[PDB]
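Just the one chain here, the form deposited without the partner chain, laid out as structure tokens.
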């Protein structure tokens, strides 16, 4: 009756002092497993949530705290808060300016959003993303940045909240804190950054973030290194401006050092190698990046990654990187001396067999043949490639249902056919027929390569 009276009292008065004292009591009662029941039983949650609209900060503070306590301990308070319209009221409170108050509020949101897609969608509809991002760009209070970064991390895996957080300028905002002395704050920002950076729209003002990510690759903390490598990989995929910036701040050396120190830890090498693959292609300084991998002692370890214990994702990425490295003439000989060709060929042969009987082996087929196509620009490499009895296989790939495989197969044959002895071997393999057909390929690259092979023979 008392608690019930207290709730009603609070939930009715218009005189602010009746609010302070009532809220205070409920608060004080929530310190014990009992009060978390008196309030809950007496329908306090809907009343408290109602007080989240109070004009008296003193009130708001008391209500959000009691709610926080119930949310933390009281079984069944999270669904009750949701039902009462708690989420909308809390997001609306994110425009307040008291950091202790904001820390309690954002923490309630984290507790409610975690493992609950429904709440994540409501936070989004209520404007949660922009409001959380503004907090990261405004305050310095660690407890608040941390709690807010946790709400962002929870929303960052939602296909709907993700693009909204990115649009609100979230990645740049999170980037501001990557050198904060608070490790828990840095790591949460990196985890959120990794989820958001995957397939995000192109952003402006990413310079600082990119420079800091490269520096973090040298960290002794594995989780920091793994995240920095993953973010760099995501942000450089088909983004020539980011590739340029990353290369300009020493990204190639840093990444190579990272792969070297990673050893067989694929959680680090796989993304670092994908980043290197992005940085060694299609941007103004790609050639320079191709040379830089060599110059910083990267060729031997890149080839080594093609061998066990490497798993498929890593091998796929590594093959892709070698393909780009081979575009640089000065890497032709060293890649050959380091043994890239026979391993690429063994991978190709085995991968093809599987297709004739996660990463799809068709991707490895295309990948290796593609790398061989580029390596074949060098005469000594053509001798090695040919000496490994690859021609019969390349010709067989002409019959592939996949156009891209048809393309690199015709392309590597095209390079090989520039040497008369090879042209005869290719013809002896009965490549004329399949090549002829491919002349009418809707895929212009295929058609164009088929024609060049036919000419050379």
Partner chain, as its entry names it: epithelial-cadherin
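Residue numbers count along the first chain shown, from 1. Only residues modelled in both forms are compared. Rigid core (definition): largest C-alpha set, two forms, superposition within 1.5 Å.
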Mean C-alpha B-factor comparison - 122-130 and 272-280, higher one:
122-130
For 244-252 versus 334-342, entry-based mean Cα B-factors point to 244-252
Identity of residue with top Cα B-factor, from 142, 378, 220, 366:
220
Based on the PDB record, which member of 423, 56, 409, 391 exhibits the highest Cα temperature factor?
56
Residue 419: CA temperature factor from the record, placed by chain third, in the middle
Comparing residue 160 with the other modelled residues of its chain, is its CA B-factor in the lowest, middle or highest third?
middle
Tertile call for residue 181 (CA temperature factor, within chain, third-based) is the middle
If you rank the chain by CA B-factor, which third does residue 150 end up in: lowest, middle or highest?
middle
If you rank the chain by CA B-factor, which third does residue 77 end up in: lowest, middle or highest?
highest
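Unshown form solved in complex with the partner chain; subsequent notes refer to it.
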State the residue from 381, 195, 310, 291 whose non-hydrogen atoms include one within 4.5 Å of the partner chain in the deposited bound form.
195
Exercise: residue 444 in contact with the partner chain in the deposited bound form, heavy atom 4.5 Å:
yes
Is residue 324 close to the partner chain in the deposited bound form, meaning a heavy atom pair under 4.5 Å apart or at it?
yes
Non-hydrogen atom contact residue 340 with the partner chain in the deposited bound form at 4.5 angstroms
no
Would residue 333 count as touching the partner chain in the deposited bound form under a 4.5 Å heavy atom rule?
no
Let me know which residues along 387-409 have a heavy atom within 4.5 Å of the partner chain in the deposited bound form, or say none if there are none.
404, 407
From 72, 199, 176, 333, residue displaced between the shown form and the other one - CA threshold 2 Å or more, rigid core
199
How does the CA gap of residue 279 and residue 201 change in the deposited bound form versus this form, closer or farther, if it moves 3 angstroms or more?
closer
Output row for the residue 369-residue 199 CA distance, |change| of 3 angstroms or more in the deposited bound form, reads farther
Rigid-core overlay between the shown form and the other one puts runs of three or more residues with Cα moved 2 angstroms or more at 199-201
